[PDB]
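S.K.: Starting off with a structure, shown below.
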Ligand SMILES: CC#Cc1cncc(-c2cc(Cl)c([C@]3(C)CC(=O)N(C)C(=N)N3)s2)c1
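Below you can see the structure in the form of structure tokens.
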């Protein structure tokens with residue numbers, strides 16, 4: 058229904074991540090924590106770092122418990138190593154509960170903490186299967202549900218500004234909402250449409266059809282989910298499998314053919330700029346991803362605008381952007397640029413993910429993002445990769 062205490066509790070942006078305030082220890086130590094549906098560990102800076110202005114001080118927490126075990130988590134993004142322990146954790150603009158949770162106290166890291174992000178840790182919201190060192194390390198959300206009456210569901214409204222936010226603006230601006238235990242009806246318009254969670258590890262889904270301005274990409278649907286498709290608040294871009302990326306970029310280029318962009322733009326490396334207020338949104342196509350429905354042989358589609366896939370960046377008074385669709389060798393990743401178009405419901409209890417048009421999606425007077433259905437779709441199980 059209505060969760061006023063949790064609405065507008067996020068800050069950040071697609072390039073740096075969206076974070077929520079949390080407290081760890083007794084007395085409480087306030088930290089800003091990245092909301093990450095693409096991982097399953099609660100890991101916080103616990104030692105001085107040039108890019109951290111605060112960190113978790115275990116020696117100052119009377120409720121700190123040492124698990125006497127280390128963990129090393131290498132990624133292609135940042136690498137981190139930490140010391141496992143437990144402590145009391147709260148979310149000030151969240152449910153009015155305090156839970157005992159696992160915390161990986163980061164003592165060393167490489168390219169993990171980013172200069173100017175304003176976050177000191179990561180809240181991994183995915184399932185125990187992908188927790189490090191192994192699935193015996195109960196994720197935060199699992200602890201929260203076990204220890205309290207909080208329903209086994211959370212929902213995210215990530216709010217892209219539609220323009221660059223400087224260092225001060227990004228600290229003062231509302232970046233969205235994380236509703237823990239419910240669905241807030243003020244955060245979306247129209248209906249919520251649900252897609253099954255294929256398997257409980259990452260938030261895995263199945264894409265059944267892809268269109269660029271209504272034109273079918275016409276690839277075998279298995280290609281769209283090769284080797285998986287996930288919903289990840291911890292990824293900036295919409296990431297597509299190599300072959301899907303090559304077909305999508307060819308189609309987006311054909312649709313926007315009245316303006317030639319350098320190769321660097323399509324590679325997501327170079328920005329493109331237009332005179333203030335003249336961005337030619339109309340020349341770029343809409344993108345629709347059809348997802349498996351809850352009813353047999355039924356699908357629905359989510360449609361994003363270039364206002365979602367063109368990420369605003371500062372150059376001048378020009379309006380500049382980077383292309384926020386990129387290739388992947390690890391499957392489709394529906395990152396922040398996709399999530400900014402929708403209110404996304406992580407219905408863990410009913411093993412499903414809901415999508416509705418976000419009340420904060422950026423658009424123009426001519427087009428809006430959309431969530432529509434149903435469509436009759438056959439052999440959708442065949443779209444899943446094994
Ligand atoms: C939006 C946003 C963001 C954003 C900004 N800066 C750092 C990060 C992240 C750094 C690291 Cl490491 C992250 C991990 C744990 C591993 C990974 O590789 N992906 C992809 C994740 N889901 N989770 S997210 C995210």
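Residue numbers (the authors' numbering): 58 to 372, 376 to 446. C-beta: ideal position from N, C-alpha, C; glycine also.
(1) Could you tell me how far apart the beta carbons of residue 172 and residue 108 are, in whole angstroms, since I believe they sit closer than 8 angstroms?
(2) Using the Cα positions of residue 360 and residue 432, report the straight-line distance between them to the nearest angstrom.
(3) Just to confirm before moving on: does the CB-CB distance between residue 416 and residue 245 stay below 8 angstroms?
(4) Based on DSSP bridge pairs, tell me the residues matched to residue 380.
(5) Taking Cβ to Cβ, would you say residue 365 is nearer than 8 angstroms to residue 414?
(6) Considering just the uninterrupted stretch of the alpha helix (DSSP H) at residue 323, what are its terminal residues?
(7) At what residue ranges does the stretch 380-431 contain a whole run of the beta strand (DSSP E), taking only runs of 3 or more?
(8) Can you find a heavy atom of ligand 1 that lies under 7 angstroms from the Cβ of residue 373?
(9) Go through its chain and collect everything with a Cβ distance to residue 227's Cβ below 8 angstroms, but skip five positions before and after it.
(10) Does DSSP classify residue 363 as helix, strand or coil?
(11) Can you give the Cα-Cα distance for residue 93 and residue 149, rounded to whole angstroms?
(12) Using the C-alpha atoms, what's the distance from residue 66 back to residue 241?
(13) Output the boundary residues of the beta strand (DSSP E) element that contains residue 78.
(14) Give the DSSP-derived three-state secondary structure of residue 316 in the structure shown.
(15) For residue 240, write down the residues that DSSP places opposite it in a beta bridge.
(16) Take residue 151 as the anchor and find which of 79, 299, 144 has the nearest alpha-carbon.
(17) Using three-state DSSP, classify residue 63 as helix, strand or coil.
(18) In chain order, what residues of the same chain have a beta carbon less than 7 angstroms from the beta carbon of residue 85, not counting five sequence neighbours either side?
(19) Cβ atoms of residue 83 and residue 59: under 8 angstroms apart, would you say?
(20) Have a look at the DSSP bridge pairing and note the partners of residue 214.
(21) Report the start-end ranges of each beta strand (DSSP E) in the stretch 108-156 that is 3 residues or longer and not cut off at the edges.
(22) Excluding sequence positions up to five away, which residues of its chain have a Cβ less than 8 angstroms from the Cβ of residue 442?
(23) Any chance you could list the alpha helix (DSSP H) runs of at least 4 consecutive residues sitting entirely within the stretch 240-314, in chain order?
(24) Hey, quick one: how far does the beta strand (DSSP E) through residue 92 stretch, first residue to last?
(25) DSSP on residue 339, reduced to helix/strand/coil?
(26) For residue 169 and residue 325, what's the separation of their Cα atoms in angstroms?
(27) From the DSSP output, in three-state form, read off residue 160 for me.
(28) Going straight from the alpha carbon of residue 198 to that of residue 319, what length do you get?
(29) What residue does the beta strand (DSSP E) around residue 99 start on, and which one ends it?
(30) Anyone know if the C-beta pair for residue 435 and residue 347 falls short of 8 angstroms?
(31) Whole-angstrom Cβ separation of residue 290 and residue 139, contact assumed at under 8 angstroms?
M.R.: Taking the coordinates as given:
(1) Translated into positions along the chain shown, residue 172 becomes position 115. Translated into positions along the chain shown, residue 108 becomes position 51. Rounded to whole angstroms, the Cβ separation of residue 172 and residue 108 is 5 angstroms, and the two are in contact under 8 angstroms.
(2) Counting from 1 along the chain shown, the entry for residue 360 is found at position 303. Counting from 1 along the chain shown, the entry for residue 432 is found at position 372. Answer to the nearest angstrom: the Cα atoms are 8 angstroms apart.
(3) Stepping through the chain shown from its first residue, residue 416 is reached at position 356. Stepping through the chain shown from its first residue, residue 245 is reached at position 188. In this structure, residue 245 lies closer than 8 angstroms to residue 416 by Cβ.
(4) Residue 380 sits at position 320 when you count from the first residue of the chain shown. In the DSSP output, where bridge partners are listed per residue, residue 380 has 330, 370.
(5) Translated into positions along the chain shown, residue 365 becomes position 308. Translated into positions along the chain shown, residue 414 becomes position 354. No, the Cβ-Cβ distance between residue 365 and residue 414 is not below 8 angstroms.
(6) What you label residue 323 is simply residue 266 of the chain shown in a count that begins at 1. Where residue 323 is concerned, the enclosing alpha helix (DSSP H) stretches over 320-323.
(7) List check, beta strand (DSSP E) in window: 385-388, 392-394, 402-407, 412-418.
(8) The model contains no atoms for residue 373, which sits in the stretch where the chain goes from 372 to 376 directly.
(9) Numbered from 1 along the chain shown, position 170 holds the residue referred to as residue 227. Excluding positions up to five away in sequence, the list reads 68, 69, 70, 73, 175.
(10) Residue 363 sits at position 306 when you count from the first residue of the chain shown. Helix, per DSSP.
(11) Position 36 of the chain shown, counted from the start, is the residue given in the question as residue 93. Position 92 of the chain shown, counted from the start, is the residue given in the question as residue 149. Each residue's Cα considered, the two are about 18 angstroms apart.
(12) Indexing the chain shown from 1 puts residue 241 at position 184. Indexing the chain shown from 1 puts residue 66 at position 9. Distance between the alpha carbons of residue 241 and residue 66: 13 angstroms.
(13) Position 21 of the chain shown, counted from the first residue, corresponds to residue 78. Segment 74-81, the beta strand (DSSP E) holding residue 78.
(14) Position 259 of the chain shown, counted from the start, is the residue given in the question as residue 316. Three-state DSSP puts residue 316 in coil, outside helix and strand.
(15) Residue numbering aside, residue 240 sits at position 183 when the chain shown is read from its first letter. DSSP lists no partner for residue 240.
(16) Position 94 of the chain shown, counting from 1, holds the residue named residue 151. Nearest of 79, 299, 144 to residue 151, Cα basis: 79.
(17) As a working mapping, residue 63 is identified with position 6 in the chain shown. Reduced to three states, the DSSP call for residue 63 is coil.
(18) Taking the first residue of the chain shown as position 1, residue 85 is located at position 28. The answer, listed in chain order, is 147.
(19) Working through the chain shown from its first residue, we reach residue 59 at position 2. Working through the chain shown from its first residue, we reach residue 83 at position 26. Taking 8 angstroms as the cut-off, the beta carbon of residue 59 is found no closer than this to the beta carbon of residue 83.
(20) Counting from one through the chain shown, the residue named residue 214 turns up at place 157. Residue 214 pairs with 234, 403.
(21) DSSP runs (the beta strand (DSSP E)) wholly in the stretch 108-156: 122-130, 136-147.
(22) In the chain shown, residue 442 corresponds to position 382, counting from 1. Here residue 442 has 278, 279 as same chain residues with Cβ atoms under 8 angstroms from its own Cβ, once five neighbours each way along the sequence are excluded.
(23) You should have 299-312.
(24) The residue given as residue 92 occupies position 35 in the chain shown. In this chain, the beta strand (DSSP E) harbouring residue 92 covers 86-93.
(25) On the chain shown, position 282 is the one that residue 339 refers to. Residue 339: helix per DSSP, three-state reduction.
(26) Residue numbering aside, residue 169 sits at position 112 when the chain shown is read from its first letter. Residue numbering aside, residue 325 sits at position 268 when the chain shown is read from its first letter. The straight-line gap separating the alpha-carbon atoms of residue 169 and residue 325 is approximately 21 angstroms.
(27) In the chain shown, the residue the question calls residue 160 occupies position 103. DSSP places residue 160 within a strand segment (E or B) once states are collapsed to three.
(28) One-based indexing of the chain shown puts residue 198 at position 141. One-based indexing of the chain shown puts residue 319 at position 262. About 44 angstroms.
(29) Here residue 99 refers to the residue found at position 42 of the chain shown. Counting along the chain, the beta strand (DSSP E) containing residue 99 begins and ends at 99-102.
(30) For the purposes of this step, residue 435 is taken as residue 375 along the chain shown, with counting starting at 1. For the purposes of this step, residue 347 is taken as residue 290 along the chain shown, with counting starting at 1. Yes, these two residues count as a Cβ contact at 8 angstroms.
(31) The residue you call residue 290 lines up with position 233 of the chain shown. The residue you call residue 139 lines up with position 82 of the chain shown. Going by Cβ atoms, the distance from residue 290 to residue 139 rounds to 21 angstroms, so no, they are not a contact pair.
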